[PDB]
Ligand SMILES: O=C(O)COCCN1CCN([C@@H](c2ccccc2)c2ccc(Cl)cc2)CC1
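Only one chain is given next, in structure tokens, and it is the form solved without the ligand.
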């Protein structure tokens, strides 16, 4: 890295480089229009090229963040558009970058990416590069911690979507479901990555490593610990870089990691073969999403090393991180059936148990039961997975979301309704994602995914702290975030939001809404019902919401939708309150 920009440019190649720089900028400057960003990345890419041509050219030896940060800081109306980021631009690197990062907007609340399949295919044909670029921009700026290389990957998917659908007859129906599925994948990936970044940010790299160790151990149970460690080290670096906005380095290192992993796929997992026969983004993505390898038949019994060995305390004092790390690896690799956070909690408990036991007189007698300390850690979420998947399976996603929305509005009524609705909806999306899964997968799926949504909440909460319960759950141990949240009950301290009839007042407008947004409106109402009536049981809320849904469906099916809403809503608005006592 004589010229780090030349280096990244050469490594990544212009398409990916430009894409990542676009992502980077879009993420750092989420409000600057697409075209601004494009000129920004073109300038940066031109400069990258100039540097690759001659790495001794002036400023070519400046760091990527110096370079890009500078480019960002040159944007038109940086102070009017980003009064916060202005000050960042006053700052040198890495302070500047740290500032930009800090001012990343996790909830830019930009317009909903909705297909305009005619206009968009049009723009995809007019310039597919400007269109996929635009996509990178849109998604990136909506998700300023979106995993850059992954975004490029998704850009590829998105392209494929417009490649397949734009020529198609019902381009809209060929495309929208793809784009919808893609948004779900985006949202999920964004959340995954945001979690990673949040984890660095809020818990540090060790937390991320522990997480990755657990995860990768599950994913690559056959890989030995050194291997998982190496990959976790690298992957953590990749995520660290991506999260710290070092997207070129992140991508480059990710590519390297993918290469490494694929070079060692037999040392790592048989599930990689499909990933490693893919091109670089697709390969990386595939490894990132790779299904867990089969448990090896030679998984070591764990009691000997981790419970029975008489010098465990010695190992544990002598090499805490390595011993624990390997414990985590072992437990995790044998526990794809556990969420990562469960494995971490288990690791934490294993650690806590050595801490306890090893400070005790006969540590071996004490930690010999260590594996048994994990049991309640396992049962708690397994029980929730069952409780909630039962519920989900019983009531379906909407009502599950309602459930969650109620629960979370209860837990954190201070949270904006849109956020509760979002979180509860995403949380219910866990029901959909995880409850249908093979039973051994629901727990990992659901807790991992809840980690994402909770992190989302946390992330949103960072920006918009409204609840201390949220803060605590979000900032106390990450492994416990989900249990912390799950454990949250009705914030008793919450003064019920004053009643605003209007809030629960629907109008014919809701009828034009696609069912998702109709639901969201209802679910917002729902959150509001909770906020106003926090102690309303979830069942009262459900009935009231059912009443609202009923009235909404009715009045929407009405000849005069609005007369209907106007006549029936108020009574409903008033009565539903009595139903929430």
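Numbering follows the first chain given and starts at 1.
Across the two stretches, 560 to 568 and 21 to 29, the PDB entry reports the greater mean Cα temperature factor for 560 to 568.
Mean C-alpha B-factor is higher over 127 to 135 than over the other stretch, the pair under comparison being 385 to 393 and 127 to 135. Of the candidates 121, 453, 182, 459, the one whose C-alpha carries the top B factor in the deposited record is 121. Note on 297, 446, 217, 97: the highest value goes to 297, judged by CA B factor as recorded. In this PDB entry, the Cα temperature factor of residue 537 sits in the top third of its chain's modelled residues, the highest group. Annotation for residue 347: CA B-factor lies in the lowest third of the chain's modelled residues. Ranked by C-alpha B-factor against the other modelled residues of its chain, residue 225 falls in the middle third.
In the deposited entry, the Cα temperature factor of residue 53 places it in the highest third of its chain's modelled residues.
Ranked by C-alpha B-factor against the other modelled residues of its chain, residue 334 falls in the lowest third.
Separately, the form deposited with the ligand bound exists; it is not shown, and the next lines address it.
Screening 321 to 329, 365 to 373, 75 to 83, 496 to 504 for residues having heavy atoms within 4.5 Å of the ligand in the bound PDB entry returns a single hit, 321 to 329. In the bound PDB entry, residue 421 stays away from the ligand, with no heavy atom inside 4.5 Å. Mapping the unseen interface onto this chain, residue 491 falls outside it, with no heavy atom inside 4.5 Å of the ligand in the bound PDB entry.
Put simply, residue 351 is close to the ligand in the bound PDB entry: some heavy atom of it is within 4.5 Å. At least one heavy atom of residue 206 is located within 4.5 Å of the ligand in the bound PDB entry.
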